[PDB]
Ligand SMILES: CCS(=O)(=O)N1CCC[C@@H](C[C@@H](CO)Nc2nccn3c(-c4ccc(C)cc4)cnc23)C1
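One chain comes next, on its own, written as structure tokens: the form solved without the named molecule.
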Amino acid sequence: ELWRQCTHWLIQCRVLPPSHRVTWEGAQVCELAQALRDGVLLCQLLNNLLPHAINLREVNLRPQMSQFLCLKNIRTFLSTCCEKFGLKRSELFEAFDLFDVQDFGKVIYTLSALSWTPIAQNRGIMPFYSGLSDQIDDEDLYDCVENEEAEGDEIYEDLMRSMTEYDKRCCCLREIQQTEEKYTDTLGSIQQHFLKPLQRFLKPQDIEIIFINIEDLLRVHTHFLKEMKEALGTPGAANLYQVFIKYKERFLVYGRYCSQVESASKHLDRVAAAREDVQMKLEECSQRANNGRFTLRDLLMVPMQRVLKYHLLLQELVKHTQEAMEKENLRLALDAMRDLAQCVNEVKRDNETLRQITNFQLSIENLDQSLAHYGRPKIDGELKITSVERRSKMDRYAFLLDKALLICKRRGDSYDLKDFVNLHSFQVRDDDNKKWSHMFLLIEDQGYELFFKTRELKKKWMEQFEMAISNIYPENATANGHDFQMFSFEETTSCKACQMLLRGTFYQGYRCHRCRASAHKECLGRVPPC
């Protein structure tokens, strides 16, 4: 069979893990299409053939809760698929031929075409339905995809590159001191050769973005390193677990950094095209500072990576510290540097969420409010509604967010907002497998029925509606006289119950407008009375 040929080829292209369900005796065609319908493997495929065909910031790496994000991946695929691979528009399928399996036959043709490209074969790899929509009705899946932080992870490992179980431990203690010395003077190189020299050329609105950050990082580490060095020089080196813990809250600036970086850096890149006197000098600063091995972009990615490495270094120092009192202490600093890394990962996720939201906002016409105010996307896709003014099933597109349902009519790539629904006032009420009969009710208890193609779709939406509503009105929200509501804190915040940090940059938790308290959703009832 020809889809079996595709499979094999996709495996040869390192796109499909050779242990995946379309590999097993019995594998249906539908299992292949299931694995391609979010355009992710397809996007990776192109990159495995033409390195850098598609920049990852253009790929929606985990789009399964979103028809919108899957479609954008497939369009990115098809589009670079003709613009960078030769293929003619009569040789590449149309999005829904894939995402709604309206003609998977033509998707397989496109790949075969790809396999015969002067590029596929230029690489050693040999070239090569109706009932689909029904059959259809994944940690494994993305094993072969570049995860989002690999680009930076190599810049970092390049920059840092250089028995018994005491030589093993000491070997680790030297990795910690050396990478730190090297990290610390790297920040210094960025200031001295970049941020200072550049200050003059650029408005304090073009550079002011990066400098306050880098400079604060240089000061913290410059000091960090002094105290790291001392605790190491002293016999044994047991004061070390204390340096890490002492500096944890100081290191929370990495949140602000790993939050503003990606934008001042895209801004730097815009002032690239928009000037010659600039583009020409960030080759100088480069050439001068390190002799052209690293651009300023390259270096701005380094702090995001460095902060994520501390728990890893300590994790290994801990494997080789046999002493009982030693271990339980290093595991304290390890606890602190792992939390640090978890906070930064929270900032990375909210960064991404905000990109998706901006994405929806640019494709939604007749929308007069900022989507960010309505919490985070839960799921978006095609359903059928009737309200109390219609009865004939109206086909509509919906975006669900924590605080709102956007009912819309899709017009190609643009979505017209026909009915914003403020979910503060609504509640979910449930009610033979006939395709499109699976409905539950969305009712205000002082005032729509939603139909889903399949039982599983309905379950997946109803589940999201419940999480959304639970976020609006969590348990104990009104407990002890409080009035807790979702809230995006601007400044680093801790909870008035678990005393630990609210994580992220965007709807980190809840706030009682009355006592000013802040809490995690779970910590809510443990919060001292209003």
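We number the residues from 1 along the sequence you see.
Keep in mind the form solved in complex with the named molecule is missing from the figure; the text below concerns it.
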>> Although the partner isn't part of this model, could you tell me whether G504 comes within 4.5 Å of the named molecule in the entry with it bound, counting any heavy atom of the residue?
In response: yes
> Is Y473 one of the residues lying within 4.5 Å of the named molecule in the entry with it bound, judged by heavy atom distances?
Replying inline: no
>> I'd like to check something about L401: if you look in the entry with it bound, is any of its heavy atoms closer than or equal to 4.5 Å to a heavy atom of the named molecule?
In response: no
>> Given that the named molecule is not shown alongside this chain, does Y254 nevertheless sit within 4.5 Å of it in the entry with it bound, heavy atom to heavy atom?
In response: yes
>> Within 4.5 Å, heavy atoms only, which of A120, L98, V307, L187 is in contact with the named molecule in the entry with it bound?
In response: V307
>> Considering non-hydrogen atoms and a 4.5 Å limit, which listed residue (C81, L340, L405, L240) is close to the named molecule in the entry with it bound?
In response: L340
>> The chain here is shown without the named molecule. Which stretch in 40-48, 62-70, 474-482, 488-496 comes within 4.5 angstroms of it in the entry with it bound, by heavy atom distance?
In response: 488-496
> Going through 62-88 from first to last, which residues have a non-hydrogen atom within 4.5 Å of the named molecule in the entry with it bound?
Replying inline: none
